Every structure is written in C-alpha cells, then in structure tokens.
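Only one chain comes next, encoded as structure tokens, the form deposited in one PDB entry.
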C-alpha cells in the first residue's frame, strides 16, 4: 500500500479545497463520505497499469475482476463472451449518493449505466415512479437516438455503477451489431409503458 499514501495525500488536498471555499458542514460530510465509498481507502493509476500490458492480458485481467458482475448481469451472463469482454473493457466504475440525480429528464445523454449495487428510481412526468436495482441498466434510450433524456433517474441509495459513454457504446455495437436489437427492444418496451 503506497496507494494508501496517495489516498491520504489527495484527501489532504480536498480538505484545503473545502476550507478555502468554506463549504457548509453538510457538504463536507457528503464529499468526505463519497470519497470514502469511491476509493475505499486507496488511490491508484489502474488505467496506466493496464495501459502498459498487452490487449490480451487486459482482457484476461478484466474478465477475472468482473466475473461476479457478469454472472449477476442478465445481459452479459447470456451473451457471446467477446461482446462481454469488449463491453467490460470500456466500463468506468462510478459511485452515486442517496438522492443524487444520475440522469435528469430533458438533458442530452452522454453515458448509459450498469447497476452493480444499488437501487434507483425512474421518474417520468405525470406517473408513478418505478425502480431498477442490481443487474439492470438504464440510459440506453438516448444512446440509440441522440436525443434528450426521457426520464429522470435518481439514486435511492448508495449506488455502485459502471458507466459506458456514447462513443464506447457505438464502438461496441459496431464490433457486435447483432447486439443492437437487444437494446432497441428494451428501449422500445420502456417507451410505451
């Protein structure tokens, strides 16, 4: 753990930031708890390690680290393993906090999200909200037809998510375009209900 050092070195930097801007005690509570959930004691340049290795090693390594997330992922557990690997290599780990608006209706959407751990409300205007939890995913609609978000999605609890940007989503469905209808169908169901 020299990555224990970094966490502290970098959190010291954030306390001087909060100081300098005199953020209210609540806000500092949030920043601090987030930072704890997100880095969980440690900071490292994961991407620059993987950057140093071959593509196959990256793929092996990523598959190991994510075999749990995958088995617990309806859409991956079931799919061609190569599609899975390619999706996995493009996933960015993200944390959100109770009450956070992950997607705001009307926005232009740049990411879509996968639920590793957490619960989330999907709020459309005029109707009862619905929920999504571990295993599900949202935000694919705007990725399919560039466009304004169709619903707001608010974290109901701490959420550990993996995002996928619009470019990477496109890159992947270019690689595995047989997999686009699978997202289209889901978009479609969601849009009529």
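Each form is matched to the other, and the largest set of C-alpha atoms that superpose within 1.5 Å is called the rigid core. Positions refer to the first chain, counted from 1.
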Which wins on mean Cα temperature factor, 161 to 169 or 36 to 44?
36 to 44
Higher average CA B factor in the deposited record is what I'm after, so tell me if that's 46 to 54 or 132 to 140.
46 to 54
Should residue 75 be placed in the lowest, middle or highest third of its chain by the C-alpha B factor in the entry?
highest
Sorting the chain's CA B-factors, does residue 28 end up in the lowest, middle or highest third?
middle
Looking at the temperature factor on the CA atom of residue 175, which third of the chain's modelled residues does it land in?
middle
If you rank the chain by CA B-factor, which third does residue 122 end up in: lowest, middle or highest?
middle
In terms of its chain's C-alpha B-factors, the third that includes residue 149 is the middle
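One more form of this protein exists, namely the form deposited in another entry; it is left out here, but the text below deals with it.
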Quick check for you: superpose on the rigid core, then look between the shown form and the other one for a C-alpha move of 2 Å or more. Which of 151, 141, 66, 161 is it?
66
Displaced residue check between the shown form and the other one: residue 52, CA, 2 Å or over, core reference
yes
C-alpha of residue 125 off by 2 Å or more between the shown form and the other one on rigid core:
yes
